[PDB]
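Notes to accompany the following structure.
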Amino acid sequence: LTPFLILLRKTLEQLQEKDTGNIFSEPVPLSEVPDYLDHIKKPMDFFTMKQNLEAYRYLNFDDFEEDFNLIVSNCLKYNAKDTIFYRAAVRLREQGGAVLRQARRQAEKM
Ligand SMILES: Cc1nc(C)c(C(=O)Nc2nc(CN3C[C@H](C)C[C@H](C)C3)cs2)o1
């Protein structure tokens, strides 16, 4: 459905809008974080999700939400609590939560 993709697209932009520092909008730079992949099984970020979106890899809402949750859970897992990343993830989880709750309600009436 075009409206499903249209909704998914709008939702991801709302999610990106909460990341005012652009710290989740591209993959973690592995040149700067060489052990990142030692602990994180599946990295995720908003551009990768955008890529999945435009390739029709999100055919249901659950997979979209699951990748969102990875952006947040990865960041909390890897980063120590007293860091800017960890704090930003705690907040994104609450703000992202609400975005995804409203978006899922829209998908329900399709
Ligand atoms: C969600 C998350 N988990 C982790 C481990 C990280 C993480 O270390 N991100 C990093 N990004 C950069 C690059 N970045 C730095 C900014 C200050 C400016 C901007 C233009 C480029 C270096 S380290 O982010």
Alpha-carbon Debye profile of the chain, log10 I(q)/I(0) at 0.10, 0.12, 0.16 Å⁻¹ = -0.28, -0.41, -0.70
task = Pull up the cross-link candidates among the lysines for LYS18, meaning alpha carbon to alpha carbon under 17 Å and not fewer than 8 places away within one chain.
result = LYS10, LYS50
note = Tilt, helix 2-18 to longest principal axis of the chain (alpha-carbon atoms), in degrees rounded to tens, equals 30
ask   = Dividing the convex hull volume of the alpha carbon atoms of the range 1-47 by its residue count, what do you get in Å³ per residue?
value = 80
inquiry  = Please give me, ordered by residue number, the chymotrypsin sites (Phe, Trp or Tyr not before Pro) of the range 1-78 that lie in loop per DSSP and have at most 12 other Cβ atoms within 10 Å.
reply    = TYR56
inquiry  = Suppose the chain between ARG93 and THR2 were pulled fully straight at 0.36 nm per residue; how much longer would it get relative to their current alpha carbon spacing?
reply    = 30.0 nm
task = For the range 27-83, run through the GluC sites (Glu not before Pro) and keep only the ones in DSSP coil with at most 16 other Cβ atoms within 10 Å of their Cβ.
result = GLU32
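Neighbour counts run over all protein chains shown; Cβ positions are idealised from the backbone, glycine included. No value in this document is a laboratory result; all are computed from the given coordinates.
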